[PDB]
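Structure data follow from model_39.tsv (TSV, C-alpha atoms):
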chain	number	residue	atom	x	y	z
A	1	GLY	CA	104.10	105.75	136.75
A	2	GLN	CA	103.09	108.26	134.09
A	3	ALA	CA	104.70	107.70	130.71
A	4	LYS	CA	107.91	109.53	129.89
A	5	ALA	CA	108.67	108.17	126.40
A	6	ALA	CA	111.32	109.71	124.19
A	7	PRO	CA	110.82	109.74	120.42
A	8	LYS	CA	112.59	108.13	117.49
A	9	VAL	CA	113.20	110.24	114.40
A	10	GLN	CA	113.50	109.58	110.67
A	11	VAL	CA	114.47	112.21	108.09
A	12	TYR	CA	113.80	111.66	104.39
A	13	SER	CA	112.90	113.45	101.15
A	14	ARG	CA	109.63	113.09	99.25
A	15	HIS	CA	111.49	112.19	96.02
A	16	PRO	CA	114.93	110.66	95.42
A	17	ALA	CA	117.27	113.59	95.73
A	18	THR	CA	119.01	115.37	92.83
A	19	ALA	CA	121.41	118.26	93.60
A	20	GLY	CA	119.51	121.34	92.38
A	21	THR	CA	116.01	119.89	92.15
A	22	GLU	CA	113.14	121.17	94.30
A	23	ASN	CA	112.03	118.58	96.85
A	24	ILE	CA	110.39	118.28	100.26
A	25	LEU	CA	112.28	117.38	103.45
A	26	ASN	CA	110.40	115.25	106.02
A	27	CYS	CA	111.00	114.67	109.72
A	28	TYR	CA	108.92	111.89	111.34
A	29	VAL	CA	108.90	111.95	115.15
A	30	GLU	CA	107.14	109.03	116.86
A	31	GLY	CA	106.84	107.37	120.23
A	32	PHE	CA	106.79	110.35	122.59
A	33	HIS	CA	104.62	111.12	125.62
A	34	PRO	CA	103.63	113.62	126.97
A	35	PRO	CA	102.73	115.40	123.69
A	36	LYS	CA	104.55	118.68	124.45
A	37	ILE	CA	107.53	118.73	122.09
A	38	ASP	CA	109.61	120.97	119.84
A	39	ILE	CA	110.64	120.00	116.30
A	40	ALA	CA	112.75	122.22	114.06
A	41	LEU	CA	114.09	121.76	110.53
A	42	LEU	CA	117.60	123.14	110.11
A	43	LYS	CA	119.75	123.94	107.04
A	44	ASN	CA	123.33	124.13	108.43
A	45	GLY	CA	121.86	125.05	111.81
A	46	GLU	CA	119.70	127.73	110.41
A	47	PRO	CA	115.90	127.56	110.73
A	48	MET	CA	114.29	126.69	107.41
A	49	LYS	CA	111.45	128.68	105.90
A	50	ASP	CA	107.90	127.45	105.21
A	51	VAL	CA	108.03	124.56	107.67
A	52	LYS	CA	104.67	122.84	107.99
A	53	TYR	CA	103.13	120.53	110.57
A	54	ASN	CA	100.84	117.58	110.08
A	55	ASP	CA	98.14	116.94	112.69
A	56	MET	CA	99.51	115.07	115.70
A	57	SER	CA	98.26	111.53	116.23
A	58	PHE	CA	98.89	108.74	118.68
A	59	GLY	CA	99.12	104.98	118.39
A	60	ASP	CA	97.96	102.08	120.45
A	61	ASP	CA	100.58	102.54	123.17
A	62	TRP	CA	99.31	106.18	123.59
A	63	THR	CA	102.63	107.65	122.41
A	64	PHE	CA	102.40	110.41	119.79
A	65	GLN	CA	103.65	111.01	116.25
A	66	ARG	CA	104.06	114.09	114.04
A	67	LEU	CA	105.30	114.78	110.52
A	68	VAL	CA	107.12	118.07	109.98
A	69	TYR	CA	108.13	119.09	106.51
A	70	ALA	CA	109.33	121.94	104.32
A	71	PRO	CA	110.20	122.44	100.64
A	72	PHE	CA	113.91	122.51	99.98
A	73	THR	CA	116.50	122.23	97.22
A	74	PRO	CA	119.25	119.83	98.31
A	75	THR	CA	122.86	120.36	97.25
A	76	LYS	CA	126.17	118.53	97.61
A	77	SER	CA	127.38	120.77	100.43
A	78	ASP	CA	124.32	121.59	102.56
A	79	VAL	CA	123.53	119.68	105.75
A	80	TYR	CA	119.87	119.31	106.62
A	81	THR	CA	118.88	118.14	110.09
A	82	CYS	CA	115.93	117.70	112.39
A	83	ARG	CA	116.38	119.09	115.97
A	84	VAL	CA	113.99	117.61	118.57
A	85	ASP	CA	113.37	118.89	122.13
A	86	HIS	CA	111.35	116.62	124.42
A	87	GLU	CA	111.41	116.17	128.20
A	88	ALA	CA	112.23	112.46	127.98
A	89	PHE	CA	115.49	113.63	126.34
A	90	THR	CA	118.23	114.88	128.64
A	91	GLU	CA	119.08	117.58	126.08
A	92	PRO	CA	117.79	118.33	122.56
A	93	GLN	CA	118.90	115.76	119.96
A	94	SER	CA	119.77	116.10	116.28
A	95	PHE	CA	119.06	113.76	113.37
A	96	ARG	CA	120.75	114.06	109.96
A	97	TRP	CA	119.33	113.65	106.45
A	98	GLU	CA	121.54	111.23	104.51
A	99	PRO	CA	121.23	112.23	100.85
B	1	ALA	CA	80.20	111.62	112.50
B	2	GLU	CA	81.20	111.49	116.19
B	3	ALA	CA	79.04	109.92	118.90
B	4	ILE	CA	76.47	112.08	120.67
B	5	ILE	CA	76.75	110.48	124.14
B	6	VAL	CA	79.35	112.01	126.43
B	7	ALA	CA	81.86	109.75	128.21
B	8	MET	CA	82.13	110.79	131.85
B	9	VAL	CA	84.37	108.96	134.34
C	1	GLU	CA	87.89	96.71	100.39
C	2	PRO	CA	88.22	96.76	104.24
C	3	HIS	CA	87.94	100.19	105.84
C	4	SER	CA	87.96	102.07	109.11
C	5	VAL	CA	86.80	105.26	110.72
C	6	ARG	CA	88.65	106.27	113.88
C	7	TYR	CA	88.54	109.39	116.07
C	8	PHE	CA	91.58	110.42	118.14
C	9	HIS	CA	90.90	112.65	121.13
C	10	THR	CA	93.57	114.36	123.22
C	11	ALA	CA	93.02	116.58	126.27
C	12	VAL	CA	95.76	118.11	128.39
C	13	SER	CA	95.53	120.20	131.53
C	14	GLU	CA	98.45	122.41	130.46
C	15	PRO	CA	98.57	123.44	126.79
C	16	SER	CA	101.88	124.04	125.03
C	17	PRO	CA	102.67	125.34	121.53
C	18	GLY	CA	101.15	122.90	119.06
C	19	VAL	CA	99.16	121.24	121.88
C	20	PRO	CA	95.73	122.84	122.43
C	21	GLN	CA	93.66	122.02	125.48
C	22	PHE	CA	91.64	119.54	123.38
C	23	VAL	CA	92.09	118.08	119.90
C	24	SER	CA	89.95	115.66	117.91
C	25	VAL	CA	91.17	114.13	114.65
C	26	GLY	CA	89.14	111.64	112.59
C	27	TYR	CA	90.76	109.35	110.02
C	28	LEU	CA	89.33	107.38	107.10
C	29	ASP	CA	91.73	104.45	106.59
C	30	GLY	CA	94.54	106.22	108.41
C	31	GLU	CA	94.05	109.50	106.50
C	32	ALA	CA	92.75	112.73	108.17
C	33	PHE	CA	89.38	114.21	106.99
C	34	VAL	CA	87.98	116.10	110.06
C	35	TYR	CA	89.65	118.30	112.71
C	36	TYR	CA	88.48	120.15	115.84
C	37	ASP	CA	90.46	122.01	118.49
C	38	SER	CA	89.75	124.21	121.55
C	39	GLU	CA	91.27	127.32	119.78
C	40	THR	CA	89.25	127.52	116.53
C	41	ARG	CA	86.29	125.80	118.34
C	42	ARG	CA	84.83	124.47	115.06
C	43	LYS	CA	84.83	121.38	112.79
C	44	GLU	CA	87.01	121.83	109.67
C	45	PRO	CA	87.85	119.39	106.85
C	46	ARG	CA	91.25	117.74	106.24
C	47	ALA	CA	90.22	116.15	102.94
C	48	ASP	CA	88.46	117.69	99.87
C	49	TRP	CA	86.06	114.73	99.27
C	50	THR	CA	84.46	115.95	102.55
C	51	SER	CA	82.54	118.60	100.44
C	52	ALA	CA	79.95	115.98	99.45
C	53	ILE	CA	78.68	115.16	102.95
C	54	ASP	CA	75.05	116.33	102.32
C	55	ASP	CA	73.69	116.29	105.93
C	56	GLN	CA	73.75	120.12	105.91
C	57	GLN	CA	73.67	120.17	109.74
C	58	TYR	CA	76.75	117.91	109.83
C	59	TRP	CA	79.43	120.52	110.45
C	60	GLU	CA	77.41	122.40	113.07
C	61	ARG	CA	76.22	119.22	114.78
C	62	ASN	CA	79.72	117.75	115.13
C	63	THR	CA	80.98	121.09	116.39
C	64	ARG	CA	78.48	120.98	119.25
C	65	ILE	CA	79.48	117.36	119.97
C	66	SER	CA	83.16	118.37	120.05
C	67	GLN	CA	82.34	121.32	122.34
C	68	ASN	CA	80.63	118.79	124.62
C	69	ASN	CA	83.63	116.44	124.68
C	70	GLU	CA	85.78	119.47	125.37
C	71	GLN	CA	83.75	120.39	128.47
C	72	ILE	CA	83.42	116.79	129.68
C	73	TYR	CA	87.09	115.98	129.20
C	74	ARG	CA	88.03	118.93	131.41
C	75	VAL	CA	85.80	117.41	134.10
C	76	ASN	CA	87.27	113.92	133.61
C	77	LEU	CA	90.79	115.31	134.11
C	78	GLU	CA	89.60	116.76	137.43
C	79	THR	CA	87.81	113.53	138.38
C	80	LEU	CA	91.03	111.59	137.84
C	81	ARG	CA	93.46	114.13	139.33
C	82	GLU	CA	91.52	113.86	142.59
C	83	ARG	CA	90.76	110.12	142.29
C	84	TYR	CA	94.49	109.36	142.04
C	85	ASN	CA	95.28	112.02	144.70
C	86	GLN	CA	97.57	113.75	142.19
C	87	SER	CA	98.41	117.44	142.42
C	88	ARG	CA	97.65	120.00	139.72
C	89	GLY	CA	100.15	120.03	136.81
C	90	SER	CA	100.64	118.43	133.38
C	91	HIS	CA	98.16	115.58	132.88
C	92	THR	CA	97.07	113.86	129.68
C	93	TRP	CA	93.73	112.36	128.72
C	94	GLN	CA	93.44	110.41	125.48
C	95	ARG	CA	90.73	108.44	123.77
C	96	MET	CA	90.43	106.41	120.56
C	97	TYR	CA	87.17	105.00	119.27
C	98	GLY	CA	85.85	103.85	115.92
C	99	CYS	CA	84.61	101.05	113.72
C	100	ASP	CA	86.10	98.72	111.10
C	101	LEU	CA	84.46	97.03	108.14
C	102	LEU	CA	86.30	93.82	107.32
C	103	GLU	CA	87.02	92.02	104.06
C	104	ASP	CA	84.01	89.75	104.69
C	105	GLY	CA	81.59	92.58	105.55
C	106	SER	CA	82.02	91.99	109.32
C	107	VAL	CA	82.21	94.85	111.86
C	108	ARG	CA	84.56	95.63	114.75
C	109	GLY	CA	84.34	98.51	117.20
C	110	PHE	CA	86.67	100.02	119.79
C	111	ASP	CA	86.46	102.49	122.65
C	112	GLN	CA	89.65	102.73	124.67
C	113	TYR	CA	90.62	105.37	127.18
C	114	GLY	CA	94.01	106.29	128.55
C	115	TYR	CA	95.33	108.60	131.26
C	116	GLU	CA	98.99	109.73	131.51
C	117	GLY	CA	99.82	107.64	128.47
C	118	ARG	CA	98.71	104.37	130.12
C	119	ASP	CA	95.65	102.18	129.61
C	120	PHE	CA	92.76	103.31	131.81
C	121	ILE	CA	89.45	101.74	130.73
C	122	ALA	CA	88.27	100.12	127.51
C	123	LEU	CA	84.95	98.81	126.24
C	124	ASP	CA	84.48	95.15	125.32
C	125	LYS	CA	81.55	95.89	123.00
C	126	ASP	CA	80.39	92.26	122.61
C	127	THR	CA	79.92	91.51	126.32
C	128	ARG	CA	78.66	95.08	127.02
C	129	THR	CA	81.36	95.36	129.74
C	130	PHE	CA	84.55	97.35	130.34
C	131	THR	CA	88.16	96.34	131.06
C	132	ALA	CA	89.54	98.57	133.83
C	133	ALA	CA	93.29	98.92	134.35
C	134	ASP	CA	93.45	100.21	137.94
C	135	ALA	CA	91.53	100.52	141.12
C	136	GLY	CA	90.88	104.02	139.77
C	137	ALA	CA	89.66	102.67	136.47
C	138	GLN	CA	87.39	100.24	138.32
C	139	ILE	CA	85.45	103.02	140.08
C	140	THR	CA	84.34	104.16	136.62
C	141	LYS	CA	83.78	100.58	135.43
C	142	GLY	CA	81.41	100.08	138.37
C	143	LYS	CA	79.58	103.36	137.83
C	144	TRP	CA	79.26	102.62	134.09
C	145	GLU	CA	78.08	99.02	134.47
C	146	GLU	CA	75.77	99.62	137.43
C	147	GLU	CA	73.81	102.32	135.59
C	148	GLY	CA	73.93	99.83	132.69
C	149	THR	CA	73.37	102.31	129.84
C	150	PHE	CA	76.70	103.71	128.59
C	151	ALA	CA	77.98	100.36	127.26
C	152	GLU	CA	74.71	99.71	125.38
C	153	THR	CA	74.71	103.21	123.86
C	154	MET	CA	78.36	103.06	122.68
C	155	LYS	CA	77.92	99.58	121.21
C	156	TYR	CA	74.92	100.89	119.26
C	157	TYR	CA	77.01	103.76	117.88
C	158	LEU	CA	79.98	101.61	116.88
C	159	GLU	CA	77.87	98.86	115.27
C	160	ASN	CA	75.28	101.03	113.49
C	161	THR	CA	75.76	104.80	113.33
C	162	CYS	CA	79.53	104.48	112.87
C	163	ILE	CA	79.38	101.87	110.11
C	164	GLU	CA	76.51	103.74	108.44
C	165	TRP	CA	78.76	106.79	108.14
C	166	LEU	CA	81.81	104.74	107.17
C	167	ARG	CA	80.05	103.38	104.09
C	168	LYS	CA	79.19	106.92	103.03
C	169	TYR	CA	82.71	108.24	103.65
C	170	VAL	CA	84.17	105.37	101.65
C	171	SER	CA	81.81	106.18	98.79
C	172	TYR	CA	82.52	109.94	98.87
C	173	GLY	CA	86.26	109.25	98.91
C	174	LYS	CA	86.58	106.51	96.26
C	175	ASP	CA	88.88	108.51	93.95
C	176	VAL	CA	91.29	109.09	96.85
C	177	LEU	CA	91.10	105.60	98.42
C	178	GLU	CA	91.12	103.69	95.13
C	179	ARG	CA	93.98	105.62	93.52
C	180	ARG	CA	97.45	104.14	93.13
C	181	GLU	CA	100.86	105.85	93.04
C	182	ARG	CA	103.95	103.79	92.17
C	183	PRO	CA	107.04	103.92	94.40
C	184	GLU	CA	110.02	105.92	93.21
C	185	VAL	CA	112.88	103.54	94.09
C	186	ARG	CA	116.61	104.15	94.26
C	187	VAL	CA	119.49	102.00	95.43
C	188	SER	CA	122.48	103.86	96.89
C	189	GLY	CA	125.67	102.73	98.65
C	190	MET	CA	129.08	103.59	100.14
C	191	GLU	CA	132.18	101.55	101.17
C	192	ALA	CA	133.23	101.74	104.86
C	193	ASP	CA	135.94	99.37	106.23
C	194	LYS	CA	135.72	96.87	103.28
C	195	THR	CA	131.92	96.66	103.74
C	196	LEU	CA	129.49	97.92	101.09
C	197	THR	CA	126.20	99.20	102.57
C	198	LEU	CA	123.34	99.02	100.07
C	199	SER	CA	120.36	101.30	100.71
C	200	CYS	CA	117.05	100.75	98.86
C	201	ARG	CA	114.45	103.49	99.23
C	202	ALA	CA	110.82	103.54	97.99
C	203	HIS	CA	109.27	107.03	97.68
C	204	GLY	CA	105.60	108.07	97.41
C	205	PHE	CA	103.76	104.76	97.08
C	206	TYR	CA	100.00	104.60	97.76
C	207	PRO	CA	98.48	102.63	99.27
C	208	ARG	CA	100.38	101.83	102.50
C	209	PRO	CA	100.96	98.02	102.22
C	210	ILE	CA	104.37	97.28	100.66
C	211	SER	CA	107.07	94.56	100.59
C	212	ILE	CA	110.80	95.47	100.19
C	213	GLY	CA	113.85	93.16	100.45
C	214	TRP	CA	117.28	92.27	99.00
C	215	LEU	CA	117.96	89.29	96.68
C	216	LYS	CA	121.46	87.76	96.25
C	217	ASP	CA	121.20	85.92	92.89
C	218	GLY	CA	117.41	85.79	93.40
C	219	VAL	CA	117.76	84.24	96.86
C	220	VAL	CA	116.05	86.24	99.69
C	221	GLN	CA	118.58	87.67	102.18
C	222	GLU	CA	116.08	88.16	105.05
C	223	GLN	CA	118.45	87.64	107.98
C	224	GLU	CA	120.92	90.34	106.79
C	225	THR	CA	118.18	92.80	105.77
C	226	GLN	CA	117.58	96.04	107.76
C	227	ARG	CA	114.08	97.28	106.84
C	228	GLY	CA	112.60	100.50	108.28
C	229	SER	CA	109.02	101.25	109.25
C	230	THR	CA	106.56	102.79	106.73
C	231	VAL	CA	106.53	106.57	107.20
C	232	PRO	CA	104.23	109.26	105.80
C	233	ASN	CA	104.72	111.92	103.14
C	234	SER	CA	102.86	115.25	103.15
C	235	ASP	CA	100.63	114.28	100.20
C	236	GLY	CA	99.14	111.08	101.67
C	237	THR	CA	101.84	108.75	100.28
C	238	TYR	CA	104.35	106.60	102.21
C	239	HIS	CA	108.07	105.96	102.48
C	240	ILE	CA	110.22	102.91	103.37
C	241	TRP	CA	113.91	101.94	103.21
C	242	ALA	CA	115.69	98.55	103.30
C	243	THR	CA	119.43	98.16	103.82
C	244	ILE	CA	121.93	95.31	103.51
C	245	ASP	CA	125.67	95.04	104.19
C	246	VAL	CA	127.62	93.11	101.63
C	247	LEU	CA	131.19	92.24	100.62
C	248	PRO	CA	132.28	94.85	97.97
C	249	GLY	CA	133.05	92.02	95.46
C	250	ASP	CA	129.62	90.31	95.60
C	251	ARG	CA	127.99	93.58	94.47
C	252	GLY	CA	126.47	92.61	91.17
C	253	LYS	CA	124.80	89.70	93.00
C	254	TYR	CA	122.41	91.95	94.92
C	255	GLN	CA	119.02	93.36	93.90
C	256	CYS	CA	116.27	95.21	95.72
C	257	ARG	CA	112.71	93.87	95.31
C	258	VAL	CA	109.68	96.14	95.70
C	259	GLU	CA	106.17	94.66	95.53
C	260	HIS	CA	103.20	96.99	95.61
C	261	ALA	CA	99.58	97.14	94.46
C	262	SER	CA	100.55	99.89	91.97
C	263	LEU	CA	103.04	97.68	90.04
C	264	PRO	CA	101.73	94.71	87.99
C	265	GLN	CA	104.80	92.72	88.97
C	266	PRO	CA	107.82	93.05	91.27
C	267	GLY	CA	110.11	95.96	90.57
C	268	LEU	CA	113.78	95.00	90.70
C	269	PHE	CA	116.47	97.54	91.43
C	270	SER	CA	120.23	97.53	91.73
C	271	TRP	CA	122.93	100.06	92.51
Give the structure from this file in structure tokens form.
Amino acid sequence: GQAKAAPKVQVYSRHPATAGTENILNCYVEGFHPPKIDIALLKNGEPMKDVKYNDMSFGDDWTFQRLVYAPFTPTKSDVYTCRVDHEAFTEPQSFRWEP
Amino acid sequence: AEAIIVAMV
Amino acid sequence: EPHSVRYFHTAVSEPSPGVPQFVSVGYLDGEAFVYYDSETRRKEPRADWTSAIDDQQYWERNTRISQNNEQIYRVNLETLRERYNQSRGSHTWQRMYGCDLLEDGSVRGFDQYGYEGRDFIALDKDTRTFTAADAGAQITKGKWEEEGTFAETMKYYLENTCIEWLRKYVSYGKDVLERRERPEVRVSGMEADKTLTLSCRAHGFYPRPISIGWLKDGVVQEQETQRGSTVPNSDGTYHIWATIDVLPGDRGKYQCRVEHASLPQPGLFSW
């Protein structure tokens, strides 16, 4: 038919993490089609400030990818996640940053 | 630089 | 020494936030340098080296070309909606085309088209013919090969004009392409139900090619290794992780091995 491909998500920091050190949190969403999508970076469920978006791209199977990122300062107690809404998902899905 | 010719199907 | 220029086009009938009607991104060796969308309606850079292009008309010329693709792609989406007897709604038109310059100085070129995320038509630039996916694709393949001119013209662009520009881009961007950034590596772990999981993570290496794996007394543990795909950072660097499950006792036995053009010899890392 027409592709309905759901994405796979990785979350990771730019640098090895140190509690109290400025860093950048990354969320890589790949393998979706159609391109309409929603990607949000959450700190304990709250929206994070200064979130930035790379230019979308697609691969050889026509499915799309995006990098979403924001500066952050990780701690022992804070939970950072990536929330993704796409129509090949039955409901939005979360992905956790393991520090 | 992109190609000048248009691709029409 | 091998290189590529590739343009990624995307046209949708129904925009959504972060998805304009039409987007074109061009990449030099997998890194963005030029951008055009249907909102701003103009060519903008994505890399600083782009300031040396010296064609003067370049930015205005490529804007007009993009504005042409934007008009034509609208029309193609209507061609295909009606050709496939589909109703109006969310439809996707995508195209990728570009040239490579190989290690030996050889050239490749590509021009592949997709509709609804599936292969539609694609140029075989050495036979001057097209590979159609459908009976719908074939209509175009017939129209393109009967007239006999579009295949010739695209092959000329990919093999000459495209490569000619590639060589210039690669020269203008040498300090970016030829740079090297070493991975920041860290091994981490945690005990579950008497099983130690070792995680090795390489941060911010450039360029992209990398090798990562676990060694138990210097012996490669490839079967038990879980290695992720290379993912991008926001600065043009890359990221990768490799994991292995071990027995908590044989813990000193296990080392991570990172090999990368930025490091004169393998880096070796342990928890």
Exercise. Using only C-alpha atoms, which of the listed residues (C:148, C:142, C:17, C:109) sits closest to residue 9 of chain B?
Worked result: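 Using only C-alpha atoms, residue 9 of chain B sits closest to C:142.
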For this session: Show me which bits of chain A are within 8 Å of chain C, counting only C-alpha atoms, as a PyMOL selection string.
Result: chain A and resi 2-3+14-16+26+28+33-36+54-55+57-58+61-63+67+69
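Of the listed residues (A:90, A:44, A:13, A:21), A:44 comes nearest to residue 78 of chain A; the distances count only C-alpha atoms.
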Seminar exercise, completed: Atom pair atom CA of residue 25 of chain A + atom CA of residue 77 of chain A, distance 15.8 Å
Problem set entry | atom CA of residue 110 of chain C to atom CA of residue 59 of chain A, distance in Å rounded to a single decimal |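 The value is 13.5 Å.
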Tell me as a short mmCIF file (atom, residue, chain, number, x, y, z; two decimals) with C-alpha atoms, in the frame of the given file which residues belonging to chain C come within 8 Å of chain B, counting all atoms listed in the file.
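Result file selection_34.cif:
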data_model
loop_
_atom_site.label_atom_id
_atom_site.label_comp_id
_atom_site.auth_asym_id
_atom_site.auth_seq_id
_atom_site.Cartn_x
_atom_site.Cartn_y
_atom_site.Cartn_z
CA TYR C 7 88.54 109.39 116.07
CA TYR C 58 76.75 117.91 109.83
CA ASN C 62 79.72 117.75 115.13
CA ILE C 65 79.48 117.36 119.97
CA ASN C 68 80.63 118.79 124.62
CA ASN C 69 83.63 116.44 124.68
CA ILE C 72 83.42 116.79 129.68
CA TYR C 73 87.09 115.98 129.20
CA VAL C 75 85.80 117.41 134.10
CA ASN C 76 87.27 113.92 133.61
CA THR C 79 87.81 113.53 138.38
CA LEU C 80 91.03 111.59 137.84
CA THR C 140 84.34 104.16 136.62
CA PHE C 150 76.70 103.71 128.59
CA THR C 153 74.71 103.21 123.86
CA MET C 154 78.36 103.06 122.68
CA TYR C 157 77.01 103.76 117.88
CA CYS C 162 79.53 104.48 112.87
CA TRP C 165 78.76 106.79 108.14
#
For this session: Could you please determine the separation between atom CA of residue 143 of chain C and atom CA of residue 85 of chain C in Å, to one decimal place?
Result: 19.2 Å
Problem set entry | Neighbour list for residue 248 of chain C as a ChimeraX atom specification, cut-off 7 Å, only C-alpha atoms, skip fewer than 4 positions in-chain | /C:194-196
Could you pull out every residue with an atom within 7 Å of (93.8, 101.7, 111.5), file coordinates, counting all atoms listed in the file, and send them as a short mmCIF file (atom, residue, chain, number, x, y, z; two decimals) with C-alpha atoms, in the frame of the given file?
data_model
loop_
_atom_site.label_atom_id
_atom_site.label_comp_id
_atom_site.auth_asym_id
_atom_site.auth_seq_id
_atom_site.Cartn_x
_atom_site.Cartn_y
_atom_site.Cartn_z
CA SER C 4 87.96 102.07 109.11
CA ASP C 29 91.73 104.45 106.59
CA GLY C 30 94.54 106.22 108.41
#
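Across A:32, A:53, A:72, A:64, the tightest approach to residue 19 of chain A is made by A:72 when counting all atoms listed in the file.
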